[PDB]
């Protein structure tokens, strides 16, 4: 079961939803959280873009920008349409890393490349419930879409609604430390909500955890246009609540890590974890 081929963004969509940079204004919920260290983060985020949406964003990307794709689920482009293979709760490629995902989704995309009558499901929010019937259209990976615009591309496989695995955190902190000072990171997921806001928060913490309170970092990433990583339901979605609490606990632990290891040094994430009681 590879999941239902579903529309993420139609080709006609332009700027993706939940687009924000670290220079965006903060919308107050509560007082406006601290802005200290926010503007200099060289980070932005969004939901999944169409091909046209990526080209539009590129107009305002600095030189040496990187698209950081956080989606563990298989996805790509059919023409300008952003499409993905959706399993229940969007848990595609469960437990798999980016190397496995890239090859799996390459095969899924190859199977719809330049073929007629490809049925693409649409949720109600994206013009559904009637599906689109498309093709022949070129099917490409987001990796190639980014390369075609001269943009960097990094894939990190994070499950929807879920914290990143320790191995992903380790890889990301090492990646962050390898970056020259001019490199900009644009994170995205499907919705630009949980996963995107999680990683913008990690970038925030890697620079600012020694000087800025945990609550301010969480609140300001929400206020910039991200989702609220401190929110849970009233109990109506227990499985989702358990993931949200697991993710918030991880973020508290990462904040402690980033205070003791500014910028991810001297210890990496998993080495730091080995010193716990």
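Residue numbers count along the first chain shown, from 1.
Are any deposited residues left out of the model between residue 232 and residue 233, and how many (none, 1 to 3, 4 to 9, 10 or more)? Per the deposited record, the segment joining residue 232 and residue 233 has no missing residues.
Report the stretch with the higher mean CA temperature factor, choosing between 213-221 and 42-50 on the basis of the entry. Higher of the two, by average CA B-factor, is 213-221.
Of 16-24 and 260-268, which one has the bigger average CA B-factor? The recorded data point to 260-268.
If I read the C-alpha B-factors straight from the PDB entry, which of 142, 114, 73, 165 is highest? The listed residue with the largest C-alpha B-factor is 114.
Quiz for you: based on the deposited Cα B-factor, which of 102, 147, 134, 203 is highest? Largest recorded C-alpha B-factor: 134.
Taking only the Cα B-factors deposited for this chain, tell me whether residue 127 sits in the lowest, middle or highest third. Highest third - that is where residue 127 ends up once the chain's C-alpha B-factors are sorted.
Cα B factor band for residue 241 (lowest, middle or highest third within the chain): Its C-alpha B-factor belongs to the highest third of this chain's values.
Test of reading the entry: by CA B factor among the chain's modelled residues, which third contains residue 248? Middle third by C-alpha B-factor.
Taking the chain's C-alpha temperature factors as the reference, tell me which third residue 62 falls into: lowest, middle or highest. It falls in the bottom third of the chain.
Within this chain's modelled residues, let me know which third the CA B factor of residue 79 belongs to: lowest, middle or highest. It falls in the middle third of the chain.
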